[PDB]
Amino acid sequence: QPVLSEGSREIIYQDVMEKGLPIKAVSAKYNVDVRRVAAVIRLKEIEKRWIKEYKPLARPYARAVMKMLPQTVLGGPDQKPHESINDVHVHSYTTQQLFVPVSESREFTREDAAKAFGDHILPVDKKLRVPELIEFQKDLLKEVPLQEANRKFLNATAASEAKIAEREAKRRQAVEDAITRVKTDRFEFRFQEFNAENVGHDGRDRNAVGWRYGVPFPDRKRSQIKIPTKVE
Amino acid sequence: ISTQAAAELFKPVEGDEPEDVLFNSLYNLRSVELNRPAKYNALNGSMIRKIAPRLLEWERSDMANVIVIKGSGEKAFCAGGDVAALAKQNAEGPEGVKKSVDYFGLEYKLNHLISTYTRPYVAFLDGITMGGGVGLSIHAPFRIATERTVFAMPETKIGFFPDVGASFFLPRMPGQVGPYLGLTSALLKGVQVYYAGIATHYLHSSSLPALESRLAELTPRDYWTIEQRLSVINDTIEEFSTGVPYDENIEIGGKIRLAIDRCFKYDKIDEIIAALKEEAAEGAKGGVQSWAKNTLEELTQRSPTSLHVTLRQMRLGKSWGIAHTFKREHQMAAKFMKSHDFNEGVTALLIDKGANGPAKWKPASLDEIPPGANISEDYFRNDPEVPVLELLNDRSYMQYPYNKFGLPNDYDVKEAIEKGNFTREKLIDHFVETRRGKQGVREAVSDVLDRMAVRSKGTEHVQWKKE
Amino acid sequence: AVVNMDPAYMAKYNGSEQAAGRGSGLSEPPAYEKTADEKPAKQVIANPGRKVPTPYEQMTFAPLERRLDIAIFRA
Amino acid sequence: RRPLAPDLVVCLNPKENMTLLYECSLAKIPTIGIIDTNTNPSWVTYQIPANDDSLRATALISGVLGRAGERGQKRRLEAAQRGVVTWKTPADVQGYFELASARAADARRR
Amino acid sequence: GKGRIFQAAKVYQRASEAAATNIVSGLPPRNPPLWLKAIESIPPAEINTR
Amino acid sequence: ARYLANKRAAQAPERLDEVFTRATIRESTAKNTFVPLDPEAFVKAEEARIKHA
Amino acid sequence: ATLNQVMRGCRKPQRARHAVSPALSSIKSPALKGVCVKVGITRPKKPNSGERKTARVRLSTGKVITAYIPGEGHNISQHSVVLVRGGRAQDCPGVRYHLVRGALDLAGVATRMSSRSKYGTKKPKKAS
Amino acid sequence: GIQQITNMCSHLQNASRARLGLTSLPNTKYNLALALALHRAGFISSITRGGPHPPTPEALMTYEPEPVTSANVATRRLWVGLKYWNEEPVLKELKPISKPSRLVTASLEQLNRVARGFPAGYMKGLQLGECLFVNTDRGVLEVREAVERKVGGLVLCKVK
Amino acid sequence: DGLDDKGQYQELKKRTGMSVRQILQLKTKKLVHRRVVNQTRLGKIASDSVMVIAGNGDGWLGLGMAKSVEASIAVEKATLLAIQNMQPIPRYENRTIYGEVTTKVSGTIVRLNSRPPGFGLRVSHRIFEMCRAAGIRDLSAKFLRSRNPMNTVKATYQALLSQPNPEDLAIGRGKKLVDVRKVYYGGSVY
RNA sequence: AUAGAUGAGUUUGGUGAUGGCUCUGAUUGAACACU
RNA sequence: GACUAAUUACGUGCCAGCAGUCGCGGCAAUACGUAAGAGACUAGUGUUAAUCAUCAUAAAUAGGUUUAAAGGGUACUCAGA
Ligand SMILES: [K+]
Ligand SMILES: [K+]
Ligand SMILES: [K+]
Ligand SMILES: [Mg+2]
Ligand SMILES: [Mg+2]
Ligand SMILES: [Mg+2]
Ligand SMILES: [Mg+2]
Ligand SMILES: [Mg+2]
Ligand SMILES: [Mg+2]
Ligand SMILES: [Mg+2]
Ligand SMILES: [Mg+2]
Ligand SMILES: [Mg+2]
Ligand SMILES: [Mg+2]
Ligand SMILES: [Mg+2]
């Protein structure tokens, strides 16, 4: 599969950092998955660090390798989309073979299909990473001019990221309001508060705090993971 | 119309019986059975509100491939509507008159839906078929008659007019048979309904059960056009035919059929009756003296206003669309609720059951109406107080798209003669072969030639008598 | 695995047409009849890119692609 | 070439020859039969319940089906005169045309 | 059960399925039997029901 | 909330497409389960006595 | 059986199958030490033929069993302490045990090259 | 009791195996409850209470059954119309689950699991074509009609 | 092209109607091989009865069976019969069977179950060959009574030909059998 | 927790069944032999 | 040897021996011993012992009893279903 050329990576960096466009808009504009757009920015930010700290880039290695790989040029020539930004994950429940008996003239929609798989399952209309594309396509059906349809799409994505950025802000705040930082002569003691009564009806709760009693060491079991599983 | 829009438009009104209609569902067959045998399955608002939602719903299905309508008892399929109840409401001021206008609003929405139905529709005329029963059938591609069938339109007898789509079917029947059946309110029985053209097939009442169990087996392909589907059902109905009567002859044929074309070709009921007197006169070369005298004794009893209005719609309906027809009739029917003849004819004949003597129309007879009088235009003028009839769909047409499954008529025989150069006997075999041995083709085609065909070229060939 | 959903399809259809007929949609004439008719039947409504198999068998060794040493070799 | 098999079999006495009708079931060949009160109706595709022991009833049924075939052959040959073929080349002969052009295609270059 | 399995009532269903696709995957199906379209719209009648 | 939602569903109206498509079953068979005493139980018992005698 | 018959205890454990080496299976032991009461020869049954080197061992548990001596040539005799393991000689009746070759007194096959771990043979060390 | 439902299930199997167009059942509210669900699910063609002789075949729906009193309650019977499509009975198998010796009850979460084809309790998952009828406080329902109404109850039989 | 050096595919070329090159592209497999013996007036006569399957891998499967004094000849007889007895097998999304099926052949019961995509052919060795030849990719099988090599192939082949047809079950009951997985993704996701 | 359900050798002149045995999978607070 | 992935040569001659099951060895043994090769696991590898699963092989879920293990000699009956 092709790779984002060096020029394309820079274009993505300007639209998200300089022009301030939302990531969902740059994703839908260049057909680049939001997970890749967020990566191109992190990797570019690391280059600015090297260029600022006067570190030599592996330019000989970069050029020689990029010639070996197929590339897409975001901009003038829109030959093909870089990748499909609407790939939905196949949920286990949606994989079952169900033939539901219904009346001979029922309008069985995706909402009805989601409930036929489970009570908590959602239709693919809600499992998209850029769900604003549906509301954008519905505008075209209503003979809405393209220039106006694009306006509502930006305001829709720009407004969705505001809620996401607002949730994360309030989240991190609650994580700090629960920590009492007491500075001593040597270290800084962080007293995190929790509800010691949330241990489940039988004391076996996955999220309970404390070294559980009545369990020996699993250090002699096969397939026992003893290396870090998360570098945060 | 959406599913909820229909369920909300046909809410069960107070007084509706829960089982006026019985609905059955088989493999490919959906059945509608009128279930008021004590009243001869007479239509009413209660049962019209049960049929319309189903027909709209079965139309959204791909597994309902044949729709069959029929009656419950062995005596009647559908014997008119609840006109007796309409005469009472009309006597309760304008508030009661609109209730009647709303009834015809429902009845016409159903007939239009049947006429423009997008699935094969069959009607078992296994009993008397009058009034409302005619509207549920005539607009269908398949209309099966039996020895029990009795067709008639006794609307002019009660000071009314052929109401249910009759302004579209009768005007475009072969010859002047339309106006004759509508004005005189003639009564056809058995195979005569099949020779006239009201029915497309003729079976025996005992063969209908076996026919249904076969129609249910017919599983069409989704990609078959409506034409192919109607061809499969037409060939299936012709398998259960046990033959027409061996001795019963075409009633409206030959001399009588020729007289109808000469007497019912004018645009004034005064001239029509004048022509009938010539036939009834002694020495008339027509030879239908007995028939002409009988029809005269009938017209004198029919409402004189209904004759003018009826004869007027037969001449106008010939150029109307089917959708435009039900809308105009809804306006016409509204004027009859206000008129005096309708309320008198119904109250005198049906509510009184013939007691208190015969009816008393607004004019005592047709002689009271002077020549220059015009008592028809008043009924053909829309009333702004009566909202236009909103049909269940926007489909329409100027002529039935599929109405050539019956016997060949003057139109079919004419086209074959003006197109080809057949002979007397060769032409008859052209239809007996084209229809694949349909019972009655030889007798029908033979009759059409006896009237509208002469040896213009000698024994070599035959052409029309007109020119 | 994943499936591609075109927003243009989900905006115009709610999936009802996929349950027409007897539950699996309308039937199309066999292949030996389509080309016989000079007129090709209208394109059947469906999400673009359907009726193509997914190579599940080729993902037997996917868990190995998550190790750090392997990811370095794939980069 | 593989010998021909009938596209339709009209049996006037199914009860006496079930070997013929069973081979039609295996070969996927439709069949018509006169099913008498003691005959198994599952042996044919289209049943004609009737007395199969009378030569007068067998002649009528057979004659009626003979007229049906005659009436069908007349239409097929009438449509041909108008340039309308009511059938397509069978698969047996169809394949011959393909490999036949291949031999012509082989000599095309050579 | 000494009797044999007679599938005479399903000749069309069986023949139409065998003619739907080609045994050589990747090619259009050959022309079907000449009788397949003749009885396309003439299904068998129900039997054995009492 | 879990109670109201579950009680609402158990007492919800049937689907319209299920009403306009399901065949008819005469209420004389689908709802007449009660079996009352024969209204003529006394007249029949008096006639059965005469015939038995 | 009916639900009533099951409720009264119709389902019982299937009759036990005799183990290959009961002297070891009874006490869950993998091997047992014993003294050789007799070292002789046993004759196979109908199909096979030959002389099978067997030993009558008195296990430390008190049981007297007959063990098969695997390999070519042995060193044990009367009043010899040897280790016994499971596994039987299929063609010999009553020989339901084997002797370990790298045992206390029983020595491993000296001129053995293949499958030395089965016969308690040290590596020749000819290379070193 | 449940024994009548068990007899109704084995009888319909034998009537469909024999390819009978009609079949009679004892007239009980319990048999009527299961028959109405089979008719509501589309497995049978008709239900009519009548005498020891079947009503007129053609005029089956318009049949006028006489009132049921103590003078004829002993001779009443439920007449069922059976379906056969594609040379195969539409009601081939009727396997009971709850029997006189044991009444099997299922919860709402077990029925939700059996509806998608996963075993739960003494039941097994439903496959293509199979149906399951549960006797609940809201009447005899199909497992998918029960989970929709969010109720459990007594499991009657599995209809293939 | 000189592929048939013994004229063995000449008659098969007429019955089926495909070139020898297309015949060699089929997926054949000798499943069962029995050494049967018949006692005659002249002593024992041992034959080699074999069963062979043939398929395209895209919805066609055929079962052949023949015996002969030579093991090589029996494999050719069974192969010709397997290629001419091919039949179309219905598949759900061209990957699995419709629903569950259970067939019995003389004390050998086989139960085949449809499984979701990516489940694989978690079936025994002889069913893996038949599924891998017919084009099936997700299935679960189970022998309930007997594991007779011959009857396990006859029961498995008969089960693939007796799958519940949802198109017929719908017309029989007068109700749609909606393919939930098709409505959910707007089309068939093979 | 919705992916989780699998077989193989061996009785017969031969075939289909019945029915054990053994192997295939995982493991041990193990022991022994060669390392 | 087959189950079970992986071969030849020589020696031995129903002997010596191999063997979890079926089996192998009686003078031209891919089954024993040696040699080389090949197929595997690896600081472990094999073997013995044990447990679960295989085993719808004590079947509540979920079996069976005409001819293969298995219907009581009989049915009136308390308890029980
Ligand atoms: K009637
Ligand atoms: K067994
Ligand atoms: K043996
Ligand atoms: Mg006979
Ligand atoms: Mg032995
Ligand atoms: Mg070596
Ligand atoms: Mg013997
Ligand atoms: Mg090997
Ligand atoms: Mg060894
Ligand atoms: Mg060796
Ligand atoms: Mg280690
Ligand atoms: Mg006894
Ligand atoms: Mg005793
Ligand atoms: Mg005894």
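For this deposition, the record names cryo-EM as the technique by which the model was determined and cites 2.85 Å as its resolution.

Turning to the overall build of chain H, a few remarks are in order. In terms of helices and strands, chain H carries four helices and eight strands. Rg of the C-alpha trace for chain H: 16 Å, near the compact-globule value of 15 Å for 160 residues, within the 12% margin. Seen along its three principal axes, the alpha-carbon backbone of chain H occupies a region of about 45 × 40 × 30 Å. Taken across its 160 residues, chain H has 56% of its residues classed as buried. Put simply, 66% of the contacts in chain H that link residues at least 6 apart link residues at least 24 apart.

Looking now at the coordination of the magnesium ion (ligand 4). All of the protein donors around the magnesium ion (ligand 4) are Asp52 of chain D (OD) and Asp53 of chain D (OD); their distances to the metal are 2.0 to 2.5 Å. Residue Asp52 of chain D is classed as buried on the basis of its relative accessible area, which comes to 13%.

Another aspect to go through is the interface of chain A and chain H. Contact with chain A, which involves 11 residues of that partner, is made by six residues of chain H. Regarding the contact of chain A and chain H, the summed buried area is about 610 Å², with carbon and sulfur atoms giving 56% of it. Where chain A meets chain H, there are two residue pairs in polar contact. Residue composition of the side of chain A that touches chain H, grouped by class: six nonpolar, three polar and two charged.

Looking at helix 1 (residues 18-26) of chain D, one finds that the buried residues are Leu21, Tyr22, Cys24 and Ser25 of chain D. Projection of helix 1 of chain D onto a plane perpendicular to its axis shows the buried side chains occupying an angular sector of 155°, all on one side. Against strand 1 (9-11) and strand 2 (31-35) of chain D together with helix 1 (11-18) of chain E lie the buried residues of helix 1 of chain D. Where helix 1 of chain D ends, the next residue or the one after it, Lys28 of chain D, has phi of about 60°, a positive value.

As enumerated under the stated definition, the model contains 63 salt bridges over all chains in all. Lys170 of chain A serves as the salt-bridge partner of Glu166 of chain A, at 3.7 Å between the closest nitrogen and oxygen. One end of the pair is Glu166 of chain A and the other is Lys170 of chain A, both in helix 7 (residues 146-177) and four residues apart, which spans about a single turn. According to the relative accessible area criterion, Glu166 of chain A is partly exposed, its value standing at 44%. Judged by relative accessible area, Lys170 of chain A falls into the exposed class, the value being 54%. Shared partners join several salt bridges into a network, and the residues in it are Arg257, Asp261, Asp410, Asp447 and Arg451 of chain B.

A few words now on the interface of chain I and chain A. Every contact between the two is made by 21 residues of chain I and, on the other side, 26 residues of chain A. For the pairing of chain I and chain A, the buried interface totals around 1900 Å² over both sides, and the portion due to carbon and sulfur atoms is 63%. Its largest share of buried area at the contact with chain A, chain I owes to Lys176, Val180 and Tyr184 of chain I, together 39% of the area lost on that side. Joining chain I to chain A, the criterion identifies zero salt bridges. Of the residues forming the side of chain I that touches chain A, the biggest block, five residues, is contributed by helix 7 (residues 180-185) of chain I. Classifying every residue of the side of chain I that touches chain A gives 12 nonpolar, four polar and five charged.

Now for empty space enclosed by the protein. Per the counting criterion, the structure on display carries three cavities of 30 Å³ or more. Estimates place the volume of the largest cavity at around 210 Å³. Taken together, 19 residues form the lining of the largest cavity, with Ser25 of chain B, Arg22 and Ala23 of chain F, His39 of chain H together with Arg173 of chain I sitting closest to its centre. Within the residue set of the lining of the largest cavity, elements represented by two or more residues are helix 2 (29-41) and strand 2 (44-50) of chain H together with helix 6 (166-173) of chain I. Ranked by the residues each element gives to the lining of the largest cavity, the list is headed by helix 6 of chain I, at three residues. Classifying every residue of the lining of the largest cavity gives five nonpolar, eight polar and six charged. The computed volume of the second largest cavity comes to approximately 140 Å³.

What follows covers the environment of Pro13 of chain G. Residues and elements named next belong to chain G. Here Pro13 shows up in the loop between helix 1 (3-7) and helix 2 (22-25). Overall, the relative accessible area of 78% leaves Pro13 in the exposed class. On a C-alpha basis, the gap between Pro13 and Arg88 in space is 27 Å, while along the polypeptide they are 75 residues apart.

Moving on, we come to the protein's contact with RNA strand K. Residues in close proximity to RNA strand K total 38 residues, the closest being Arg11, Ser25, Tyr68 and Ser114 of chain G together with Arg102 of chain H. The sugar and phosphate moieties of RNA strand K supply 69% of its atoms located within 4 Å of the protein. Here a sugar or linking oxygen of RNA strand K and a backbone polar atom of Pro30 of chain G are 2.7 Å apart. In the model, a phosphate oxygen of RNA strand K is placed 3.0 Å from a nitrogen or oxygen of the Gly71 of chain G main chain. Among the secondary structure elements, those contributing two or more residues to the surface near RNA strand K are helix 1 and strand 2 (52-59) of chain G. Looking at the surface near RNA strand K, the element that brings in the most residues is helix 1 of chain G, giving three residues. Taken together, the residues of the surface near RNA strand K break down into 10 nonpolar, 14 polar and 14 charged.

Although it is not a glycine, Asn356 of chain B sits at a positive phi angle of roughly 60°. Topologically, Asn356 of chain B is positioned in the loop between helix 16 (340-351) and helix 17 (410-419). Of note in this structure, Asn48 of chain E is not a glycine but carries a positive phi near 70°. Mapped onto the elements of the fold, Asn48 of chain E is located in the segment after helix 1.

The rules behind these values
Residues numbered from 1 in each chain as written, not as in the entry; some residues may be left out. Chains lettered and ligands numbered in written order. Part of a larger assembly, values for the part shown. Heavy atoms only, no water. Helix = DSSP H or I, 4+ residues; strand = E, 2+ residues; numbered from the N terminus. Rg over C-alpha atoms; globule rule 2.2 N^0.38 Å. Buried < 20%, exposed > 50% of the residue type's maximum accessible area, 1.4 Å probe, protein only. Contact = heavy atoms within 4.5 Å. Donors = N, O, S within 2.8 Å, 3.2 Å for Na, K, Ca; no water. Buried area = accessible area lost by both parts, 1.4 Å probe. Polar contact = N/O pair within 3.5 Å; in protein donor to acceptor, adjacent residues only side chain to side chain. Nonpolar A, V, L, I, M, F, W, Y, C, P; charged D, E, K, R; others polar. Arc of directions from axis to C-beta. Salt bridge = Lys/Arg side-chain N within 4 Å of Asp/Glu carboxyl O. 1 Å grid on protein atoms, 1.4 Å probe; cavity = no way out; pocket = protein on both sides within 12 Å on 5 of 7 lines; lining within 4 Å. Points joined across faces, edges and corners; volume = space filled by probe spheres on them. Near = heavy atom within 4 Å.

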